[PDB]
Number of protein chains: 2
Amino acid sequence: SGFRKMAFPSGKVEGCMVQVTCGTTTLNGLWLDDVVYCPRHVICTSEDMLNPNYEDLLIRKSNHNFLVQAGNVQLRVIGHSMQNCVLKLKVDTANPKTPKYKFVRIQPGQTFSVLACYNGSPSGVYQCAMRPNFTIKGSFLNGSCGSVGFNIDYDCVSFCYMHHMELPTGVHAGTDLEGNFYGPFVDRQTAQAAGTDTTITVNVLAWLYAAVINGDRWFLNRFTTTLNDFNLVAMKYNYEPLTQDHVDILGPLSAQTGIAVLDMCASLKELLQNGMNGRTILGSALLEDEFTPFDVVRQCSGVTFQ
Amino acid sequence: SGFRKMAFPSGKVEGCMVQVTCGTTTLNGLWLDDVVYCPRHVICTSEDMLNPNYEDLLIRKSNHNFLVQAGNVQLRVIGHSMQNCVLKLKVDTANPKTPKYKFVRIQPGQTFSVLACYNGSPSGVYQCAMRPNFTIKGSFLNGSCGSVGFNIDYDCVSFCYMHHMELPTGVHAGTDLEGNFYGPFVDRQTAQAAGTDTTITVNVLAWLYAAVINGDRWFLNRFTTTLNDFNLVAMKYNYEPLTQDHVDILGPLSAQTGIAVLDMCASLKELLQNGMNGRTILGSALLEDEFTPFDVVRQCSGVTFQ
Ligand SMILES: O=C(Cc1cncc2ccccc12)N(CCC1CCCCC1)Cc1cccs1
Ligand SMILES: O=C(Cc1cncc2ccccc12)N(CCC1CCCCC1)Cc1cccs1
Ligand SMILES: [Cl-]
């Protein structure tokens with residue numbers, strides 16, 4: 001029992017964190033095999049950041065302009081190339097701690113763990129989700145660039161995020177490990193704004209199923225709804241549209257608890273209308289949207305507390 | 001910017017997790033130097049748990065009755081002894097991944113990271129607090145016994161908790177690493193209940209300072225209070241008493257934000273008496289009490305642990 005915002009154990013990623021320095025700029029790098037991945041803005045001064053020409057800035061660097069430190073050991077950079085917004089530094093040593101890994105680009109609503117780092121050293125681990133507006137509500141200070149997001153399903157680390165910047169609202173923007181930004185963001189200091197954020201409806205429903213699995217049913221009601229009527233109501237509360245894919249994905253949780261997906265949708269419509277009336281759901285007075293259907297199944301028991 | 005429930009990086013602890021099997025019972029063990037620590041109830045069957053005589057049950061066990069698996073390697077048990085509610089299995093091999101460590105017993109209100117494990121394999125990491133009623137609101141399933149709680153203070157892991165059981169309300173009970181339970185709990189399948197819990201006042205104040213540091217200031221007011229008047233009000237809402245030690249500990253945060261601790265206490269008094277009025281603080285509609293003053297300073301200043 002219990003339901004916590006749970007991150008993956010970070011050890012496999014900690015053994016990959018290195019410090020990357022180019023001139024006066026220092027940030028984090030991810031050392032996998034003989035390559036160190038880091039944000040390409042490591043080659044910029046604060047004066048270059050408005051309209052950097054990364055191809056022009058990079059062509060002026062030699063391998064010895066990049067200082068990579070792994071613990072107290074300096075790695076030798078023997079090559080460098082840019083892939084989208086990521087800089088790839090080839091090093092003369094393969095990381096002996098390289099776990100089984102893959103690079104995956106995720107979709108909004110997906111969750112992942114972030115290993116926040118400064119100067120190539122891990123500071124903390126937390127769980128977050130790719131918001132519908134493609135930002136993440138992280139906890140990052142200056143120097144955190146290059147910190148990564150990942151999932152560790154079945155011993156393989158799937159790296160899905162690399163931190164590049166903080167937007168004016170205090171939210172964060174980054175790329176996948178191939179350097180493609182999530183959302184309409186660019187690695188320039190030009191005025192950029194996160195679009196209006198919405199609640200991840202499928203994740204709130206998943207979390208309501210987690211509440212039923214853990215014994216709570218106060219929020220259920222005798223009603224059902226069509227998928228279209230649910231979306232018409234949901235959009236009024238800035239909730240993301242629930243698609244048939246989302247309904248299908250909630251199938252296993254629906255079968256386990258005995259609550260049809262559209263019946264749980266009716267409960268959600270009522271919660272949006274009434275609030276919680278001094279009650280909590282899994283220790284929260286807000287509807288939680290950073291647990292996916294997959295997270296709930298992984299964390300919760302396969303036996304519902306009837 | 002941003003403020004997340006952040007756990008310590010778990011890698012140093014992951015390299016210590018092993019699987020301990022005694023008969024049909026399998027749980028987790030912590031392998032440090034040449035000793036594997038685990039709950040003493042690993043020697044019990046469900047029937048033994050009703051009223052166990054651990055000394056009598058342990059007498060019947062040989063070293064070979066304990067199967068310890070570290071990854072895919074079986075460790076050889078060369079001795080066994082009990083210390084309070086922890087079983088200590090002496091093994092023939094010192095753990096080469098043993099970090100610098102210490103065993104510390106924490107006080108209620110103190111936070112720590114839990115590395116939830118199953119079959120000696122880490123599954124997740126989350127941050128929690130030792131409640132004033134000595135329970136932890138964890139997320140644990142059957143097989144999670146032996147999972148540990150820890151903090152990192154510089155490069156030293158301080159192990160403070162070992163998981164033993166779940167109470168009927170879904171909350172958890174365990175011991176320090178010397179086998180002494182936190183709370184009035186015993187390791188026996190008998191009627192036990194968590195006492196009435198209270199809110200960790202110093203931690204709520206620390207989190208209000210974190211909200212201020214993050215630009216959430218709507219709850220600030222022109223008022224101050226005395227420590228005595230605040231404690232009279234706090235006692236009415238089942239909040240823990242705020243001591244002069246707590247006020248001293250909040251000194252740095254008070255100096256950084258310009259809000260005296262009793263000035264923040266007057267904000268908290270108003271929040272208890274009036275609620276949040278539809279507003280949130282750091283994305284929460286409840287007053288969060290699982291961040292200590294040290295956690296807030298650490299997260300807001302980017303302290304690392306390589
Ligand atoms: O937002 C950041 C870093 C950052 C990240 N997370 C959190 C942050 C919090 C506060 C300040 C900064 C943060 N940029 C990088 C700043 C460096 C640029 C090169 C020289 C040295 C500073 C700005 C841009 C990146 C891409 C496009 S604009
Ligand atoms: O509570 C647990 C483990 C546990 C922990 N966390 C979470 C749990 C969730 C569900 C069930 C169990 C959990 N005990 C152990 C159950 C037996 C398993 C087989 C061998 C003998 C013990 C019951 C105890 C009573 C008094 C002290 S322990
Ligand atoms: Cl995805």
Side-chain angles (χ1 to χ4, degrees), chain A residues 116 123-124 126 137-144 166 168-171 284-286, chain B residues 1-6 107-111 127 129 132 198-303:
Chain A
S123 158
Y126 59 88
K137 298 186 176 309
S139 172
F140 287 127
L141 299 175
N142 206 1
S144 57
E166 182 170 294
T169 53
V171 302
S284 178
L286 287 187
Chain B
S1 309
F3 203 71
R4 282 279 180 189
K5 191 86 59 123
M6 192 178 285
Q107 291 299 303
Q110 181 57 46
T111 58
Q127 189 71 2
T198 55
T199 300
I200 312 153
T201 312
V202 64
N203 288 7
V204 176
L205 293 170
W207 171 83
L208 290 176
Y209 280 109
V212 172
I213 290 171
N214 276 274
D216 229 331
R217 295 173 71 93
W218 65 260
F219 51 85
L220 302 176
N221 65 30
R222 70 161 56 235
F223 306 111
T224 192
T225 181
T226 65
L227 191 58
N228 208 60
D229 284 353
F230 177 74
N231 281 320
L232 287 171
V233 169
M235 190 189 271
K236 169 179 159 177
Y237 294 91
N238 277 337
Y239 265 58
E240 279 295 296
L242 195 76
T243 69
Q244 184 56 31
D245 194 31
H246 295 150
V247 175
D248 294 350
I249 288 164
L250 291 159
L253 286 171
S254 166
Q256 185 191 334
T257 62
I259 309 286
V261 176
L262 290 169
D263 181 3
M264 192 65 86
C265 287
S267 280
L268 183 51
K269 180 215 298 176
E270 295 312 314
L271 293 172
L272 293 176
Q273 303 171 344
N274 300 292
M276 297 211 191
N277 298 305
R279 293 170 293 206
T280 58
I281 295 172
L282 292 171
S284 179
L286 290 182
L287 298 172
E288 173 69 44
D289 75 347
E290 295 200 359
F291 292 99
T292 70
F294 300 91
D295 291 345
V296 169
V297 167
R298 196 181 297 118
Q299 179 164 174
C300 299
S301 67
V303 166

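Order of the sequence lines fixes the chain letters, A, B, ..., with proteins taken first and strands second; residue numbering starts at 1 for each chain. Quick note: numbers below take in every heavy atom, side chains included, and nothing from hydrogens, waters or symmetry partners.
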| request: Report yes if some heavy atom in the side chain of B/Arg4 is under 4.5 Å from a heavy atom in the side chain of A/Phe140; otherwise report no. | output: no
| Just wondering, do B/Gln299 and B/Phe291 contact through their side chains at under 4.5 Å, heavy atoms? | yes
| field | Check against side-chain hydrogen bond (donor to acceptor under 3.5 Å, both in side chains), B/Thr198 and B/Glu240 | value | CA-CA 6 Å; B/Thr198 55; B/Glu240 279 295 296; 2.6 Å; yes
| More than 12 foreign heavy atoms under 6.0 Å from CZ of B/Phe294: is that the case here? | no
| query | For the side chain of B/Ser301 and the backbone of B/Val297, is there at least one donor-acceptor N/O pair under 3.5 Å apart? | reply | yes
| task | Cation-pi check, B/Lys5 to A/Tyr126: give yes when NZ or CZ is under 6.0 Å from the six-membered ring centre and within 45° of the ring axis, no otherwise. | result | no
| Does the side chain of B/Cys265 reach to within under 4.5 Å of the side chain of B/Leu205, using non-hydrogen atoms? | yes
| Where the side chain of B/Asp263 meets the backbone of B/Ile259, is there a donor-acceptor pair that is under 3.5 Å apart? | no
| query | B/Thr292 versus B/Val202: any side-chain heavy-atom pair under 4.5 Å? | reply | no
| query | Would you find a donor on one side and an acceptor on the other, under 3.5 Å apart, between the side chain of B/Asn221 and the backbone of B/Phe223? | reply | yes
| query | Is there a donor-acceptor contact under 3.5 Å from the side chain of B/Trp218 to the main chain of B/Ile281? | reply | no
| field | Test item: B/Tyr239 and B/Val204 side chains (from C-beta on) under 4.5 Å apart, heavy atoms | value | yes
| Around atom CD of B/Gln107, are there more than 12 heavy atoms of other residues, nucleotides or ligands at under 6.0 Å? | no
| field | Test item: B/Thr111 side-chain N/O and B/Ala129 main-chain N/O as donor-acceptor pair under 3.5 Å | value | no
| message | Is the shortest side-chain heavy-atom distance between B/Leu287 and B/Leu272 below 4.5 Å? | response | yes
| Side chain of B/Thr201, backbone of B/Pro241: donor and acceptor closer than 3.5 Å? | no
| Under 3.5 Å donor-acceptor, B/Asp289 side chain and B/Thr199 backbone | no
| request: Could you tell me whether the side chain of B/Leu286 reaches within less than 4.5 Å of the side chain of A/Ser284, counting heavy atoms only? | output: no
| Counting only N and O atoms by type, is there a donor-acceptor contact under 3.5 Å from the side chain of B/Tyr209 to the main-chain atoms of B/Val261? | yes
| query | Can you find a heavy atom in the side chain of B/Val212 that is under 4.5 Å from one in the side chain of B/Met264? | reply | yes
| message | Treating B/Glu288 as the side-chain partner and B/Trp207 as the backbone partner, does any N or O pair qualify as donor plus acceptor under 3.5 Å? | response | no
